[PDB]
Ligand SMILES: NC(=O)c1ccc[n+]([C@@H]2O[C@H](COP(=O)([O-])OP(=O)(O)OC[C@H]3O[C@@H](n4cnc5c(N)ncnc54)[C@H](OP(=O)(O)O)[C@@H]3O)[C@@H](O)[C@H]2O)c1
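Here we start with a single chain on its own, the form deposited without the ligand, put down as structure tokens.
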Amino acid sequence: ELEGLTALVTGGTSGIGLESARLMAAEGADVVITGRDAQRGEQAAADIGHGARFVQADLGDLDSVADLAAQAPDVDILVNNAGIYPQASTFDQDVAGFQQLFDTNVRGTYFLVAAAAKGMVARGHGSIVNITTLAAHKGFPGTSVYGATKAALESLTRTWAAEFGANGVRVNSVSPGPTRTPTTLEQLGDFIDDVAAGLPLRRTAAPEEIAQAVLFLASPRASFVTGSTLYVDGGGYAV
């Protein structure tokens, strides 16, 4: 149970972030979600329920990250899920897109953590969950920059675990494999796509399955888990 804990989920208006926020609100946390669009943000907060609230934020804009930290200054659980993921071969990758990818995926999260963790350390407790990707642990053509930004987060998980752990603050990564919102038709039919067919479990994850690993690491159930990567990928890393 997360009663009395405040959980901030960046990029929490859809996908993995939305379902992570939904689970934590249903467990009694006071949830704050962020996203770029105010209308979808308010609808996402109403979808989560339980008093969840929306704060508009652009993680690639440090002025916006500053205002986000100012509006949610005291945070016990922080899920760093906001990010972009455009693909291109190394030979095709443009400079503008490279800079945006690192500014949004790494720079914004870094200084948001720097602010939020200061309060956690002063209070003597907290849990930070970085969302990464299997592309940060294996090589997938087209994902060089995206994978590199999330590999930076994997290392920051370890450094932050060492820097904050003496004050009871845990830091971990959740590394998702292929994930897709299930459609109404997907319990029907027989076709298996090439992506799923490569994984031991022979299917893609629904976002809610990734969110269960986030909830675990965020919660006091994982009280002795820190500095680590939890792979939620149907076996992708193991093969």
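Heads up, when I say rigid core I mean the largest set of C-alphas that superpose within 1.5 Å between the two forms. Note that residue numbering follows the sequence shown and begins at 1. Shifts are known only where both forms have a C-alpha.
Mean CA B-factor: is it higher for 95 to 103 or for 146 to 154?
Averaged over C-alpha atoms, the B-factors run higher in 95 to 103.
Given the B-factors recorded for C-alpha atoms, which segment has the greater mean, 129 to 137 or 164 to 172?
Per the PDB entry, the higher value belongs to 164 to 172.
Going by the deposited entry, which of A197, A29, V65, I210 has the highest CA temperature factor?
Within the set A197, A29, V65, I210, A197 shows the top C-alpha B-factor.
Quiz for you: based on the deposited Cα B-factor, which of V113, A88, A122, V79 is highest?
In this record, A122 carries the highest C-alpha B-factor of the candidates.
Comparing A7 with the other modelled residues of its chain, is its CA B-factor in the lowest, middle or highest third?
It belongs to the middle third of the chain when residues are ordered by C-alpha B-factor.
Within this chain's modelled residues, let me know which third the CA B factor of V214 belongs to: lowest, middle or highest.
Ranked within chain, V214 CA B lands in the lowest tercile.
How does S228 rank on Cα B-factor within its chain, lowest, middle or highest third?
Its C-alpha B-factor belongs to the lowest third of this chain's values.
The discussion below concerns the form solved in complex with the ligand, not included here.
With the partner absent here, would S127, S173 and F216 each sit within 4.5 Å of the ligand in the deposited bound form, counting heavy atoms only?
Answer is no for this spot.
Just one of 74 to 82, 113 to 121, 158 to 166, 88 to 96 has heavy atoms within 4.5 Å of the ligand in the deposited bound form; which?
Of the options, only 74 to 82 has residues within 4.5 Å of the partner.
With heavy atoms only and a cut-off of 4.5 Å, decide whether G28 touches the ligand in the deposited bound form.
Output for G28 is no: heavy atoms all beyond 4.5 Å of the ligand.
Give a yes or no for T143: in the deposited bound form, does one of its heavy atoms lie within 4.5 Å of a heavy atom belonging to the ligand?
Output for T143 is no: heavy atoms all beyond 4.5 Å of the ligand.
Give a yes/no on whether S228 approaches the ligand to within 4.5 Å in the deposited bound form, heavy atoms considered.
The answer is no: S228 has no heavy atom within 4.5 Å of the ligand.
With the partner left out here, check for me: in the deposited bound form, does some heavy atom of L59 sit within 4.5 Å of the ligand?
So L59 counts as contacting the ligand.
Could you list which residues of 36 to 53 come within 4.5 Å of the ligand in the deposited bound form, counting heavy atoms only?
Those in contact are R36, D37, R40.
Any idea which of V195, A38, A206, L62 has its C-alpha shifted 2 Å or more between this form and the one not shown with the rigid core fixed?
It is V195.
Does the distance between the two CA positions of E186 reach 2 Å or more between this form and the one not shown, the core being superposed?
Yes.
Taking the shown form as the reference, report whether the CA atoms of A206 and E186 lie closer or farther apart in the deposited bound form; the distance changes by 3 angstroms or more.
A206 and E186 sit farther apart in the deposited bound form.
Over in the other structure, so in the deposited bound form, do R53 and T183 pull closer or drift farther apart at the C-alpha level? The difference is 3 angstroms or more.
Result: closer.
Considering only residues modelled in both forms, extract each run of at least three consecutive residues whose CA displacement is 2 Å or more throughout between this form and the one not shown after core superposition, in sequence order.
Segment displaced between this form and the one not shown after core fit: 181 to 197 only.
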